[PDB]
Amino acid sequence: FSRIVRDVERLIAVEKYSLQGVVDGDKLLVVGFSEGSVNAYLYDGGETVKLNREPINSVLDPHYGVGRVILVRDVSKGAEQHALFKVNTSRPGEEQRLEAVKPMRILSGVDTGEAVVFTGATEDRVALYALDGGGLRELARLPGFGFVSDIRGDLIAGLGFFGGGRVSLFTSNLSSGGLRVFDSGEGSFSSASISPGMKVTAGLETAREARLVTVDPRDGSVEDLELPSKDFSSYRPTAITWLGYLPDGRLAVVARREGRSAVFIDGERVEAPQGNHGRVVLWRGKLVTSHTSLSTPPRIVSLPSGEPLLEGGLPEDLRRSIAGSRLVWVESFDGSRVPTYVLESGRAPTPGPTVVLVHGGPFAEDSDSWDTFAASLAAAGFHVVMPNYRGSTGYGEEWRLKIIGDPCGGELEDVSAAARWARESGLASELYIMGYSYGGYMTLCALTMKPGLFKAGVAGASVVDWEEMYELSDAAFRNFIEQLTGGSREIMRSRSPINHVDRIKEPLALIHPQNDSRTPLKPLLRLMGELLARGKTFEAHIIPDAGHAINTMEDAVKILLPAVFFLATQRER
């Protein structure tokens, strides 16, 4: 229906904001999907001032008060070969490309105002780079995906996915480069910030709980960090989203459990709107973070009031289309409880058409956080089931690392268990699977390995063939695929759904951005080739000049709309 498209359009079009920091003296730096695209803005109590010209993907983390912003922009029509552009915050809309940085996959970065330190992947390497007045320097080659978390003085701290799905802390020196990696035997570092003492405060996520530790970069000694207020440790977080020192020396921590987060300043709980929060900044002496929930598009709020600085208003009709949300614990094949977010649509009966909407990553989670796809499905009259299959973040190290070496195994059982739950709990009169990226991989895996479980499947930006994808991947993705698959060619082959096409029996909608460089299109063309040759029912939608990271409202429509149409169409059968 045209009503579908209008709702899909409006959900996409609602402005969404993330908090990046404080720049231009004491002005908020936010990135907003607004006015049709992702842009950087200054906010200082009134109207936003747009910093960039053309759409961007992100900005680098500014040190407090810096008079510039580094835009990260895709210059490869979606393939995520990014260049960096600086904007002097005094002169909004004037851009200077940082030409010493050849286009690469920029993974992360920080701008101190005097040096831009970033990680990026090329075909041959992941590396940590510093660009300052003397030009560009490779500080270190990283084993895999690596992210700069912080710079204080000469010390750079970061997080590395350098093996086994485990996250290491790494440090380097701005002046001299080099690399020190710190692994924990208990889990993975999730967050880091260098203290005034020049040690690294980090979130350590273990099997069950998460805690703060202090890593001394000189010897690798680790000790628990105890905070003045005990609200934080008595909250017993399973995950630590974010931490940072504020300008006044207080330590802000955002930690979470069961898909909802809480904010702590020197260990003391700060009231915040229910859902999930990102970074906390001090702006004009006051606390500010971003907030999201299943019914709240990412917005910037003041704490503790929850009062919005920057909020794209979810229209009340779209809000009403989500009649309810539960967190349930699906019983899986091996007795694992799969924490599963559920939206009941106010536009479906119960039992009703239900989509198991599978998250990407796999190191991500369905949480009490805004999900445009899920909202659009609920607007479209589908209940939504969003299972945190093993591999997911947010439920501890053991749950997340279970997926390692076992793609299309236990995690798909969790997805299937969620389908089973949806029917047996009485929610679903019929079941569909939909997912993007690792989610689309899961759609494909479900239709090949679990024919008959779903009525139909939507597979967006999907993993189709680990082997071919690997061979087309840059250094970061190659390493990531190695970790996920265990290195084994058996696993890479046997867990690729393009090798199990014969088993497909349900309608399949393929959606894929043409210049996706994470989940490349080439394997997907071969999949369509196989689907065609084997007489399989399928549709496909290839979106032009776009990649994995959707940064315009029209691209988001192009990749979401066909999914919703497909499922609406299937529902008339």
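From 1 onward, residues are counted along the sequence shown.
Chemist: Out of the other entries of this protein with residues modelled on both sides, is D474 skipped in at least a third?
Modeler: Result for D474: often missing, at least a third of the compared entries.
Chemist: Check the entry's C-alpha temperature factors for 216 to 224 and 71 to 79, then say which stretch has the higher mean.
Modeler: Mean CA B-factor is higher for 216 to 224.
Chemist: Mean C-alpha B factor from the entry: is it higher for 522 to 530 or for 27 to 35?
Modeler: Stretch with the greater average CA B-factor: 27 to 35.
Chemist: Between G405, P353, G409, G93, let me know which has the highest C-alpha B-factor in the entry?
Modeler: The C-alpha B-factor peaks, among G405, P353, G409, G93, at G93.
Chemist: Going by the entry, which of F85, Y129, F480, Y389 has the most elevated CA B factor?
Modeler: Among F85, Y129, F480, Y389, the PDB entry lists the largest C-alpha B-factor for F480.
Chemist: Could you look up the Cα B-factor of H541 in the entry and say which third of the chain it sits in: lowest, middle or highest?
Modeler: Tercile = middle for this residue's CA B-factor.
Chemist: What third of the chain, by the recorded C-alpha B-factor, contains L327?
Modeler: CA B-factor rank for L327: highest third.
Chemist: Using the B-factors in the PDB entry, rank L303's C-alpha atom against the chain and give the third, lowest, middle or highest.
Modeler: Ranked within chain, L303 CA B lands in the lowest tercile.
Chemist: Taking the entry's C-alpha B-factors for this chain, is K102 in the lowest, middle or highest third?
Modeler: Its C-alpha B-factor belongs to the highest third of this chain's values.
Chemist: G177's Cα B-factor: lowest, middle or highest third of the chain?
Modeler: Bottom third by C-alpha B-factor.
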